[PDB]
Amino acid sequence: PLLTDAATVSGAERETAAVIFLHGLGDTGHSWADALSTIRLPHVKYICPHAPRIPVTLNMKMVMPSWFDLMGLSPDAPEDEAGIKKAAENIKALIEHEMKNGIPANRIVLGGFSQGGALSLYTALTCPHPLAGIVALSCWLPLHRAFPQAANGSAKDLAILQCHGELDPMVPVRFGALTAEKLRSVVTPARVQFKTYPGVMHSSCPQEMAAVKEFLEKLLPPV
């Protein structure tokens, strides 16, 4: 029984493509739905699911919206393997639902910000269906030591746009750079675009939103 709580930007024309975008820790999908609507394509649907509220270890076990538990801020810190995989399964059900209802997998893009971006990278790289690509913003690859081995054979065709703010204090830009190297270990280095933005911190920016629009226009053309 699939029950999805989300803010969805509908296409003005019949939808022939889907973007599933995952917000960052503590948020809802509302703000990112509004942001993606400002750059929307007429035949593209943008699904922004709301993360479930769980206790987060790093925040004194406080209950808040989170895709999985968080324990440390360094690349060697323990990660919530069971939580990351369960959340990836819930996203993979959303992918299969869109597929069951007439949207080809090579017309589905996964994406997200920070924690949500991190889940979208894990899920797309391990998805058994060949997806169009990923829009990974200010994030990292969860369970990075399992890659490239852990990636599905279907990950070869992915097109990746990875963005980062150069002055990000939450997810240092070097962690984004290390993640991009790991992504080029699965996808051809030419199909991974790593864009960094000077003077940008842990946020989006109009140049990043423009890059996302340009990437999706080329990746998801009409019909």
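All residue numbers refer to positions in the sequence shown, first residue = 1.
- Note on 118 to 126 vs 140 to 148: mean CA B-factor is higher in 140 to 148.
- As recorded in the PDB entry, 88 to 96 is the stretch of 88 to 96 and 108 to 116 with the greater mean C-alpha temperature factor.
- The residue among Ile160, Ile47, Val173, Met60 whose C-alpha atom has the highest B-factor in the PDB entry is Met60.
- The residue among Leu70, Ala51, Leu167, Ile39 whose C-alpha atom has the highest B-factor in the PDB entry is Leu167.
- In this PDB entry, the Cα temperature factor of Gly153 sits in the top third of its chain's modelled residues, the highest group.
- In the PDB entry, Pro55 places in the highest third of its chain by CA B-factor.
- Sort the modelled residues of the chain by CA B factor and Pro75 lands in the highest third.
- Placement of the Cα temperature factor of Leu2 within the chain: highest third of the modelled residues, per the deposited record.
- Sorting the modelled residues of the chain by their CA temperature factor places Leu219 in the middle third.
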